[PDB]
Amino acid sequence: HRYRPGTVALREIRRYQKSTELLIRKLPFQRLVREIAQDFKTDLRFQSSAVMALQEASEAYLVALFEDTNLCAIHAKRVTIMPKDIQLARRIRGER
Amino acid sequence: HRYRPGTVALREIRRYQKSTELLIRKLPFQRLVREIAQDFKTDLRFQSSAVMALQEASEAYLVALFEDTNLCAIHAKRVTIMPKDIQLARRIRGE
Amino acid sequence: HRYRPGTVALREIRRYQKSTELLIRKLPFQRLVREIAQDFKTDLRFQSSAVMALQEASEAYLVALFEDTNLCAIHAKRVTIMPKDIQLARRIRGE
Amino acid sequence: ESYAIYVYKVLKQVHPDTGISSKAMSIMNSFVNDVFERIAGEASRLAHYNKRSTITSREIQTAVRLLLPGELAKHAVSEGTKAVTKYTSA
Amino acid sequence: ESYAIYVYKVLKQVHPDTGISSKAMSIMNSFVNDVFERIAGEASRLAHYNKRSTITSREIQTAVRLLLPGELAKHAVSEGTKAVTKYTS
Amino acid sequence: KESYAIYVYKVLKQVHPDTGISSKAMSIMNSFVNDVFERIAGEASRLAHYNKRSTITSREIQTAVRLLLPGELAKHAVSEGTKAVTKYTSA
Amino acid sequence: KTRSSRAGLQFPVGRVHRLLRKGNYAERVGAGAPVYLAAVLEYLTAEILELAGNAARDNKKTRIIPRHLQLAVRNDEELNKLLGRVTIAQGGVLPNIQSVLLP
Amino acid sequence: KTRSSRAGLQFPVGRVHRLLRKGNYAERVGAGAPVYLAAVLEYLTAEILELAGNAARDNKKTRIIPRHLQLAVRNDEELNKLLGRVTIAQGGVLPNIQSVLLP
Amino acid sequence: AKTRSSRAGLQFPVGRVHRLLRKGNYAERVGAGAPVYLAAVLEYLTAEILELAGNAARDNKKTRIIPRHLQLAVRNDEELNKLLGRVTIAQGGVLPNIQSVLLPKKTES
Amino acid sequence: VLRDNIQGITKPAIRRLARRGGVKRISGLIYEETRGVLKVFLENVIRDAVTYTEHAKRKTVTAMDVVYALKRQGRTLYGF
Amino acid sequence: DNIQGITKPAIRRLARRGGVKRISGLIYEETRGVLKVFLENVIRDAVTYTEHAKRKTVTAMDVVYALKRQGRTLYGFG
Amino acid sequence: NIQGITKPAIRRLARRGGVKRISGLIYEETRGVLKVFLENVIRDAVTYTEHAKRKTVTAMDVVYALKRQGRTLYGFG
Amino acid sequence: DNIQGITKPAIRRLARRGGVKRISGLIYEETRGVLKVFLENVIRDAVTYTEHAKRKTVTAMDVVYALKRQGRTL
Amino acid sequence: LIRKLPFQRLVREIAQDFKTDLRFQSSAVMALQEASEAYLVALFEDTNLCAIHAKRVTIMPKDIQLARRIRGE
DNA sequence: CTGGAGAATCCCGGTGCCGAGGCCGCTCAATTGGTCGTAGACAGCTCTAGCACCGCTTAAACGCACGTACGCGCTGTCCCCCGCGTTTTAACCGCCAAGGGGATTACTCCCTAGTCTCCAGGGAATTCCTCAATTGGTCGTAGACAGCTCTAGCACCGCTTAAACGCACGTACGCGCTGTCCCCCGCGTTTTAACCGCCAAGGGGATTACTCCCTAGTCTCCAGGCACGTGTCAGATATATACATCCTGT
DNA sequence: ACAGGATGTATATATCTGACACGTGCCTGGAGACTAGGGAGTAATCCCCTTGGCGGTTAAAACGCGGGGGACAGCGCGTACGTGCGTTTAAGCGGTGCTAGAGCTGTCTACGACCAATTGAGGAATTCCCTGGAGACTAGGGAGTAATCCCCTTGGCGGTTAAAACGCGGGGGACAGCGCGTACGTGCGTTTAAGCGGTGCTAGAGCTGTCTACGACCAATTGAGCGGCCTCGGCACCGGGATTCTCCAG
């Protein structure tokens with residue numbers, strides 16, 4: 001059968017709120033941060049704990065942003081998040 | 001219409017090198033002279049020609065120091081004068 | 001073994017700033033003094049202390065000049081002194 | 001250089017049976033370092049503003065009353081006062 | 001003639017154990033003669049500016065205030081006046 | 001009271017008989033003449049004293065001028081001085 | 001006997017004195033300063049460890065872990081005001097979804 | 001009769017002699033000293049007034065002005081050598097701009 | 001008889017200073033107080049020089065003042081340095097000094 | 001390294017991030033927007049970390065350099 | 001106080017007569033400090049002459065004697 | 001002649017002056033500056049010797065020439 | 001009592017300065033609330049600076065030290 | 001932009017919670033007034049953005065408290 | 001609305017692995033004790049500034065009425081997001097090798113300190129001689145002290161006018177980074193001149209003595225220079241027109 | 001890159017005002033003459049220093065080479081400086097008014113110079129003794145320069161399994177349109193309180209001086225904390241069964 005759309009979303013929310021693991025794959029993020037850093041210093045090196053700290057800070061930041069954008073979406077009386085919600089949250093946060 | 005940066009500078013360099021006026025306003029300078037003298041003697045009087053002699057010597061000193069500063073700026077490949085140029089010029093002049 | 005460029009130059013600076021003896025050879029300078037004098041008046045004699053007074057004053061002048069040209073080199077953001085540093089130093093001194 | 005032995009000695013009296021993981025111990029080290037350095041920062045700013053060369057309990061007390069929220073402050077300055085008056089009486 | 005015995009007597013006052021080289025002593029002679037020429041020539045110039053015929057202690061006092069740096073001047077004038085008021089005592 | 005103005009004016013009316021001079025420029029010329037006088041007389045004084053002799057003669061003035069003035073300005077100054085002394089004493 | 005036991009503290013007064021000296025916070029440090037500061041640090045440590053240990057016990061765990069520190073800090077509104085700009089490594093999020101999303 | 005006319009001078013030999021004797025320059029003054037000195041003062045006066053009258057004429061002025069005395073002294077390198085440490089009140093500067101500053 | 005130096009309390013010769021003030025033709029007249037004042041000033045300046053030069057000698061662990069120690073004295077006391085700014089001490093050296101830009105050392109903190 | 005490893009921050013992972021953020025549904029334009037804001041978040045922290053590494057004149061960015069970069073950015077990370 | 005009456009424009013005029021094309025904004029305070037040091041060195045000498053004259057009025061001749069003593073002679077003021 | 005003032009001597013003088021590094025054109029420039037200084041001093045020392053009606057140049061004529069040049073030498077009377 | 005001293009037209013001006021076109025009648029009370037806590041969060045710190053000086057007058061320096069602290073926490 | 005006296009009275013009435021017979025410099029009150037007005041203007045700007053985002057021109061208290069929440073007040 | 005079916009989650013039990021907790025030894029930091037100097041506390045004084053009160057004016061706020069605009073609710077339609085299945089790709093883990101850095105170690109050179117010996121030179125003492133310094137008296141002038149008059153300096157006010165200050169905007173210059181090539185430094189080897197040192201000779205400077213000429217001082221007389229008044233001429237200021245240079249648009 | 005337009009400067013003319021030039025009168029300074037003294041000049045002699053040569057040895061200079069580091073050029077980016085405009089402020093000019101201080105004159109006394117005599121100090125010479133510095137040798141330490149080693153992370157490779165990637169259908173959500181009622185704004189009148197000015201008072205702030213206690217610094221000793229190692233327990237994972245939640249059909 002089909003679960004009604006949105007119920008499996010609520011189930012997914014519940015499981016990812018009750019669990020503390022890292023949600024981004026580690027190696028793609030390590031490649032991303034090495035790509036970003038290689039623009040600033042050609043032969044730079046990282047501690048693995050530095051990549052881990054960057055991942056923890058990035059995921060915490062994105063999660064709290066998605067919280068503020070869900071607040072913006074709910075305020076406009078709709079449930080779908082849209083880019084104008086990220087843009088409003090960030091503009092009110094002043095973090096442009 | 002706007003003149004390019006430095007076009008009006010060269011024009012007024014040519015102006016102020018052609019003329020011989022005093023360039024500091026006279027009352028401000030006189031009040032400065034009296035303020036400095038007040039630290040040396042109270043109730044002191046000045047002849048007006050003593051103020052004019054001080055202003056002439058002061059402005060000739062500053063113009064000459066600016067010439068040495070400009071030579072210092074040019075030596076470092078700059079065209080803007082900076083405080084390190086005045087400090088160098090006054091160092092080499094021994095003062 | 002080889003010391004790296006500038007290590008010995010700094011040991012020499014410390015050596016010569018510590019000492020006081022005259023750094024030009026005496027006979028070459030005495031011959032220079034005599035050749036320069038020969039153009040003003042022929043068959044002048046010199047007291048040996050006159051040649052020493054000339055040497056002392058000349059070395060003190062050259063050292064005091066090199067300190068200013070070193071300052072001008074540093075101001076141009078380089079450590080090698082260049083003839084244009086001597087020329088700037090002498091111009092700012094007004095020589 | 002770690003506070004871990006002191007975090008244990010506080011833990012074994014606030015919860016005598018409970019243990020703590022080293023990944024939580026390094027968080028506790030981070031917390032006490034952050035609170036130490038921010039309290040010392042505000043005490044330094046207060047001393048400088050008052051033109052005082054010396055940091056004393058009177059500076060730290062007001063740094064705590066600035067940094068901590070009202071009831072955490074009210075308890076913190078009570079424990080601090082009691083500890084200082086015990087130290088001076090001993 | 002030279003100041004060497006007086007430079008030596010003041011050396012024995014300031015540093016009784018220390019000696020001085022004959023080449024340092026000749027530098028002290030040059031120093032004393034230079035400072036004398038400076039002070040006396042300024043006292044004469046200043047006397048002439050005021051149409052005076054006489055070098056007095058007042059001209060020497062203002063000469064040392066002109067020539068000596070302010071802190072050296074402040075002590076030099078007090079040594080001068082102390083000497084004059086002792087002499088005229 | 002004491003000024004060179006009429007003699008500077010006589011020299012001006014000799015070298016440029018059509019030209020005039022402002023009183024500010026005349027006072028500059030007076031300051032110039034007094035400064036050069038004081039330089040030469042001071043150097044001749046020091047030079048007479050150095051040789052331990054009581055008198056300032058034309059020879060001290062000549063040597064003072066040779067020290068103070070540069071180059072050909074000195075050569076002409078001494079030629080004019082000696083010409084004047086010769087015309088004076090031969091009179 | 002150590003100044004901590006004189007003051008009645010577990011936290012090290014001597015170490016806090018060193019760390020105040022070596023931080024150049026001011027050129028002089030009074031004798032009561034490290035006793036007051038060590039007593040405040042011990043207080044805040046005991047308070048957070050009390051809350052975290054309760055959260056651990058409510059999870060039926062014998063051992064405190066970063067999750068329980070996050071739960072403690074976010075459930076206490078006052079530590080939450082103290083630690084508002086703080087991220088705790090693998091602390092996760094305080095479970096919450098609003099009734100506008102629920103059916 | 002007068003000593004200036006005997007020497008052939010415009011400048012006053014008698015006043016130069018007076019100023020030498022009232023000047024404490026030396027305890028005696030020879031008779032040729034004021035003649036030689038007056039003749040040098042006259043030569044240098046004529047040299048400056050000549051260069052100043054050239055500058056005045058080039059500026060189409062009929063009168064010497066301190067500007068013209070400055071132009072005279074500073075354009076002649078030997079007067080500028082003599083008067084290097086001297087400034088002329090209400091004289092200006094020589095027009096000059098460095099080639100690095102010109103376009 | 002008693003010397004004017006000992007009457008004034010000076011080591012420097014007041015009579016010689018008076019003679020030199022007359023002989024040097026500084027003015028027609030020289031008042032009786034000018035020699036005493038000038039001798040006192042010259043003695044003071046000499047004592048200042050020899051104090052600083054004796055300190056420089058002692059710091060070098062030397063028993064004898066030499067031109068080096070006079071140069072170190074004059075050039076380390078800024079008042080003497082600006083009194084003696086246009087003067088060179090024969091057989092004195094220079095103050096040891098090197099511009100920091102020339103030195104290789106770094107903080108690397 | 002490859003030019004576009006930002007595409008390694010995959011749509012499912014952004015969806016998981018939005019789930020922990022409490023979001024029930026997300027429009028398909030959110031993914032590129034999120035990759036944008038992530039890139040601009042990361043690169044300024046990487047810059048500050050490199051600044052600290054160069055101030056220490058060291059070959060490596062350490063975890064303490066990241067922690068100081070975040071602290072000066074105004075976000076404090078405990079546990080490193 | 002009154003040193004601020006030596007305005008930025010006047011210093012720019014003085015620098016332009018000196019042939020200066022561009023002037024960094026930090027030069028003005030540097031210039032005022034340099035002028036205040038110069039004036040006080042001359043006036044200290046000028047008032048020393050007035051006190052020696054036992055006058056209350058500084059005359060132009062006291063200024064000229066101070067300047068020439070400072071090693072720089074001014075023509076035009078007697 | 002002026003080649004008697006050798007490159008090593010000018011190096012030593014520059015070391016005493018605190019100069020760390022010296023371009024090869026400095027030696028001729030320094031020989032020119034030294035020769036001009038000596039000419040300017042010796043001309044005055046010889047003028048003082050001529051005025052004295054004398055033909056040995058004394059150390060005192062050098063000291064007087066230097067004093068006139070505005071740079072005073074201590075140690076030779 | 002005195003928070004009603006921050007009157008309806010004054011808030012309307014502050015909003016129109018902020019570019020607000022229309023204001024619902026509930027906003028004035030809400031604005032009074034947010035203003036009241038802002039002042040409390042600043043004045044309280046200013047009074048701890050004055051008490052640390054043992055002064056009895058709050059100075060402008062204490063106000064700006066409080067404001068720069070609140071702005072740093074803000 | 002706020003009247004001076006009513007704001008001064010409000011500052012007195014707040015301060016008298018924390019200390020008694022406390023006194024204020026005439027410029028301390030003005031510093032508080034101008035900081036308060038600047039804070040309120042910036043808040044009304046964030047409110048007007050939240051209102052415009054709801055397709056709505058009239059600002060409402062849900063907009064103020066959204067802005068405050070998103071700012072983290 | 002109610003009941004049944006299917007999917008997902010939770011709970012219980014066993015096993016394994018890694019981390020937590022404890023034990024032991026050593027080193028470094030904490031404590032203890034003494035000394036010293038300065039910061040802070042305490043006291044007193046002064047005076048600004050804050051608080052309180054009163055009156056008047058006018059602008060602002062408040063209250064109510066009116067009317068339209070905007071918010072909200074309802075309805076419809078279309079789009080795009082979700083969920084599921086299948087396929088495809090990359091993450092994760094384990095293993096191995098090499099480079100890169102960081103730290104440590106070794107080696108060599110140079111500087112400094114101590115010791116010993118030798119040289120010189122400096123200092124002290126003594127004696128003798130000469131010149132300057134001191135003392136005392138006299139005489140003349142310079143400076144001080146007082147009186148008087150006039151000028152210039154200082155203060156104030158009123159006004160205009162041009163300069164200075166504030167702000168906005170855009171571009172150019174300054175600063176930093178990177179690469180390459182040349183020139184200078186460090187060093188070894190060879191060559192040359194400088195320095196020590198003595199000897200010889202002549203010239204030049206110094207000293208002494210005598211004589212002559214030059215300058216200073218004094219007195220008298222005449223002319224020149226300075227001061228003041230008047231007249232004339234050149235320079236300054238204002239306005240108009242032309243020419244040159246730079247900036248902007250195609 | 002080129003051409004055209006605009007802006008700024010220079011040149012010409014006229015008028016007005018101030019400064020320069022000339023003449024006259026009076027007072028002071030210079031010139032002329034004579035007298036007296038010493039300084040300058042000249043001549044002779046003697047002594048010392050400078051100049052020149054010779055010889056040898058050692059240190060310094062010169063000459064060449066290799067490599068490294070710095071200088072120079074090129075490029076890019078960001079902020080500061082320049083140019084324009086408007087508004088405000090102060091300088092400059094003119095006029096008034098008053099007083100202080102500058103400048104001059106006269107008178108009188110003390111100070112300084114000059115002269116003579118006498119005495120002491122300083123300088124010069126000689127001899128002797130002691131100390132300090134210099135030179136050489138020896139040893140140790142520190143700095144400079146290069147290598148070694150060890151450990152950590154990137155790189156590569158293999159394989160398997162889970163995740164994501166892709167496609168499709170349906171359902172829910174988003175967006176739009178329309179209608180209506182309420183609420184916000186706006187207008188007017190009346191009222192009220194803010195703003196401003198003035199007056200009076202006190203208590204807090206600021207500052208200065210003094211003295212004691214507190215904290216820092218230095219040295220020595222001891223205990224605690226950290227590092228390394230070992231053992232056991234707790235938690236997580238896996239497997240199975242039951243329960244709970246959700247969806248569809250009657």
Side-chain angles (χ1 to χ4, degrees), chain A residues 1-9 25-28 45 78-80, chain B residues 1-9 11 25-27 45 47-48 78-80, chain C residues 1-9 11 25-27 45 48 78-80, chain D residues 5 19 21-22 53-54, chain E residues 5 19 53-54, chain F residues 6 20 23 53-55, chain G residues 2-3 14 18 28 30-31 62-63, chain H residues 1-3 14 18 28 30-31 62-63, chain I residues 1 3 15 19 29 31-32 63-64, chain J residues 10-12 25 27-28 59, chain K residues 7 9 22 24-25 55-57, chain L residues 6 8 21-24 54-56, chain M residues 7 9 22-25 55-57, chain N residues 3-5 23 25-26 56-58:
Chain A
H1 65 63
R2 294 280 294 187
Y3 289 110
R4 296 279 294 291
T7 61
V8 185
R25 297 267 56 81
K26 292 189 177 74
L27 183 57
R45 303 295 173 247
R78 59 176 161 71
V79 53
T80 309
Chain B
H1 180 284
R2 297 177 48 95
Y3 291 112
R4 187 183 180 225
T7 293
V8 190
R11 186 182 294 144
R25 301 320 316 161
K26 293 183 181 177
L27 288 178
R45 300 291 184 93
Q47 293 194 326
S48 59
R78 287 178 281 108
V79 300
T80 201
Chain C
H1 183 77
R2 171 175 290 270
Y3 293 107
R4 287 173 62 216
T7 294
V8 191
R11 291 197 284 100
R25 295 288 92 241
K26 294 180 183 177
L27 281 175
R45 292 188 166 216
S48 303
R78 50 174 170 71
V79 302
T80 309
Chain D
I5 65 167
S21 174
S22 54
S53 74
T54 315
Chain E
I5 61 167
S53 76
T54 309
Chain F
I6 63 170
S23 50
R53 55 194 286 133
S54 79
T55 189
Chain G
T2 176
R3 286 184 282 173
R18 186 181 70 256
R28 289 156 58 95
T62 74
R63 186 177 291 157
Chain H
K1 74 184 297 182
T2 67
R3 289 192 279 173
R18 196 193 82 222
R28 303 194 307 138
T62 77
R63 279 155 51 182
Chain I
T3 60
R19 171 169 52 88
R29 285 155 53 120
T63 72
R64 182 178 299 288
Chain J
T10 172
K11 166 177 177 177
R25 77 201 306 268
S27 60
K59 68 122 175 190
Chain K
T7 69
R22 280 173 66 116
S24 179
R55 281 187 278 102
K56 299 297 189 289
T57 313
Chain L
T6 63
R21 192 175 151 105
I22 307 171
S23 62
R54 195 171 65 227
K55 69 179 70 76
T56 197
Chain M
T7 184
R22 279 169 56 116
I23 299 148
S24 60
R55 284 197 304 272
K56 294 176 65 75
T57 315
Chain N
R3 310 314 299 287
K4 303 290 187 69
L5 275 167
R23 298 168 80 95
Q25 291 189 325
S26 303
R56 171 168 49 73
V57 303
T58 307

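We use all heavy atoms of the structure for the numbers below, so side chains are in, but hydrogens, waters and symmetry mates are not. Protein chains get the first letters and strands the later ones, always in sequence-line order, with residue 1 at the start of each.
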Trainee: How would you label the contact of E/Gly19 with the nucleic acid (heavy atoms, under 4.0 Å): base, sugar-phosphate, or nothing?
Mentor: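 Result for E/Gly19 = nothing.
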
Trainee: What's touching nucleotides 163-167 of chain P from the protein side, N or O pairs under 3.5 Å?
Mentor:
residue: P/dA164; atom: OP1; partner: J/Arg16; partner atom: NH2; Å: 2.9
residue: P/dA164; atom: OP2; partner: J/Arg16; partner atom: NH1; Å: 3.1
residue: P/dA165; atom: OP2; partner: J/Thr10; partner atom: OG1; Å: 2.9

Trainee: Counting only distance, no hydrogens or angles, is the base of P/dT153 paired donor-acceptor with the side chain of A/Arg45 under 3.5 Å?
Mentor: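 In this structure, the two groups form no donor-acceptor pair.
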
Trainee: Find which nucleotide of DNA chain O each of B/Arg11 and B/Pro5 is nearest to by heavy atoms, and output the residue with the more 5' nucleotide.
Mentor: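 That would be B/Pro5.
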
Trainee: Under 3.5 Å, is there a donor-acceptor pair between the side chain of C/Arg78 and the main chain of C/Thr80?
Mentor: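 Between the backbone of C/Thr80 and the side chain of C/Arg78 there is a qualifying donor-acceptor contact (under 3.5 Å).
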
Trainee: Side chain of I/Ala1, heavy atoms from C-beta onward: which of P/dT7, O/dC195, O/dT134 has the nearest atom to it?
Mentor: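 When the side chain of I/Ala1 is considered, O/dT134 is the closest of P/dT7, O/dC195, O/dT134.
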
Trainee: Please report, rounded to the nearest Å, how far the P atom of O/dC70 is from the CD1 atom of M/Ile23.
Mentor: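 It is 15 Å, rounded to the nearest whole Å.
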
Trainee: Of all the base pairs, Watson-Crick or G-U under 3.5 Å, which form stems of three or more consecutive pairs involving DNA chain O?
Mentor: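 So far as stems of 3 or more pairs are concerned, DNA chain O shows O:4-95 with P:156-247, O:97-250 with P:1-154.
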
Trainee: Roughly, in whole Å, what's the span from NZ in M/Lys56 to P in P/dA203?
Mentor: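 M/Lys56 atom NZ is separated from P/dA203 atom P by 11 Å.
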
Trainee: Check whether any side-chain N or O of A/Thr7 sits under 4.0 Å from OP1 or OP2 of P/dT246, and answer yes or no.
Mentor: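 No, no such contact exists.
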
Trainee: If only side-chain N and O atoms of I/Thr3 are considered, is one of them under 4.0 Å from the OP1 or OP2 phosphate oxygen of P/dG120?
Mentor: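 Answer is no, no contact under 4.0 Å.
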
Trainee: Heavy atoms under 4.0 Å, any strand shown: does C/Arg78 hit a base, just sugar-phosphate, or nothing?
Mentor: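 Result for C/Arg78 = sugar-phosphate.
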
Trainee: Please determine if a side-chain N or O atom of C/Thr80 lies less than 4.0 Å away from the OP1 or OP2 oxygen of P/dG70.
Mentor: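 Result: no.
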
Trainee: Give a yes or no on whether the backbone of K/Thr57 and the side-chain of K/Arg55 come within a donor-acceptor separation of less than 3.5 Å.
Mentor: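 Here the side-chain-to-backbone pair exists.
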
Trainee: Return no unless some side-chain N or O of N/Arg3 is found under 4.0 Å from OP1 or OP2 of P/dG195.
Mentor: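 Yes, such a contact exists.
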
Trainee: Output one letter per nucleotide in nucleotides 29-48 of chain P: B when a protein non-hydrogen atom lies under 4.0 Å from the base, S when only the sugar-phosphate is that close, - when neither is.
Mentor: SSSS------SSS-------

Trainee: Using a cut-off of less than 4.0 Å, is there contact between a side-chain N or O of M/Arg22 and OP1 or OP2 of O/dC70?
Mentor: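 Result: no.
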
Trainee: Strictly by modelled atom types, are F/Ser54 and H/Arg28 linked by a side-chain donor-acceptor pair under 3.5 Å?
Mentor: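 The answer is yes; a qualifying pair exists.
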
Trainee: Would one find a side-chain N or O of H/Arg63 under 4.0 angstrom from OP1 or OP2 of P/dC20?
Mentor: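 The answer is yes; a side-chain N or O of H/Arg63 sits under 4.0 Å from OP1 or OP2.
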
Trainee: Under 4.0 Å: is that the gap between some side-chain N or O of G/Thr62 and OP1 or OP2 of P/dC235?
Mentor: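 Answer is yes, contact under 4.0 Å.
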
Trainee: Hey, which of these two, D/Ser22 or J/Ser27, hits DNA chain O nearer its 5' end, going by closest nucleotide?
Mentor: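 In this pair, the answer is D/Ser22.
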
